[PDB]
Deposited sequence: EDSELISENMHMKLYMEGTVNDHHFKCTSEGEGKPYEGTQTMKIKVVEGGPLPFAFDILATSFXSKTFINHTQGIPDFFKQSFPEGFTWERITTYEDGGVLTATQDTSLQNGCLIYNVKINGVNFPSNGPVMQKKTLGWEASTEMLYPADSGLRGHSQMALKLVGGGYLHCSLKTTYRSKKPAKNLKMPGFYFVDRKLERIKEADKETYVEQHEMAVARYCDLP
């Protein structure tokens, strides 16, 4: 039931705008991935408001759900949604008071996936590791997903590596909404997505960033 419109190799283009604390910025990105293998790479440019006065890491999860390897016959909410596409909306709450919300539209245009993202980041502590750029990327994580009243609810927790060897914890809560009529969708049951979000390259005081994700959907895997 995955859309035939999602091929083995797919390109993406993204536009992102928002504010973190009081700081306005815009990014664009281009990427390529293998939707059925759950892998993708994005090459990202900060085009307004750079270099950013906050850790780029807080933007990482806002740059792609079509590129999850849905194993074990798990119905794929995201690949099913095409050609109509889907949205997502999310809050990430950091233990030390910062919050980042994002709202995103995913469409498919002329064979290319198009992402449009709006970011609102608020109350990050002025002397904390995000605003002081003391962060070193994300540990691997697992999202749990299950049907919401409409759409799909996701929850995860993530750990941000800090200089000096410690961690900053956060929680993520998401709702994914399909633009495909509900009667044309086979909804999954409860399941997990295991993912690794890895930094490949950064240049020019983090105004150019390459990042990669691997994401695989499964049920529980312990006897």
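Peer 1: Where the model has no C-alpha, note the corresponding stretch of the deposited sequence, numbering from 1.
Peer 2: One region goes unmodelled: 64.
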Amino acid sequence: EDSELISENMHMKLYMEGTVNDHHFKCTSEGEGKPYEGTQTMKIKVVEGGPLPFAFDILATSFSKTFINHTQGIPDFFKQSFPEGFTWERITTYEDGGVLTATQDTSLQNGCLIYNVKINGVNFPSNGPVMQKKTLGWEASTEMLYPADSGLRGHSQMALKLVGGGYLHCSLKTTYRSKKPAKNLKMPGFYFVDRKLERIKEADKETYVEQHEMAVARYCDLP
From here on, numbers count along this sequence of modelled residues.
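Peer 1: Read off the CA B-factors in the entry, average them over 41-49 and over 169-177, and name the higher stretch.
Peer 2: The entry gives the higher C-alpha B-factor average to 41-49.
Peer 1: Comparing average C-alpha B factors as deposited, tell me which of 26-34 and 154-162 sits higher.
Peer 2: So the stretch with the higher mean C-alpha B-factor is 26-34.
Peer 1: Just grab whichever of 137, 121, 111, 147 has the top CA B-factor as deposited.
Peer 2: In the PDB entry, the greatest C-alpha B-factor among 137, 121, 111, 147 is found at 111.
Peer 1: Which third, lowest, middle or highest, does the C-alpha temperature factor of residue 58 belong to within its own chain?
Peer 2: It belongs to the lowest third of the chain when residues are ordered by C-alpha B-factor.
Peer 1: Divide the modelled residues of the chain into thirds by Cα B-factor and specify which third, lowest, middle or highest, holds residue 98.
Peer 2: Within its chain, residue 98 is a lowest-third residue by C-alpha B-factor, going by the deposited values.
Peer 1: Please rank the C-alpha B-factors of the chain's modelled residues and tell me whether residue 84 sits in the lowest, middle or highest third.
Peer 2: CA B-factor rank for residue 84: highest third.
Peer 1: Lowest, middle or highest third: where is residue 128 by C-alpha B factor in its chain?
Peer 2: Middle third.
Peer 1: Based on the entry's values, in what third of the chain does the Cα temperature factor of residue 107 lie: lowest, middle or highest?
Peer 2: Middle third, going by the recorded CA B-factors of the chain.
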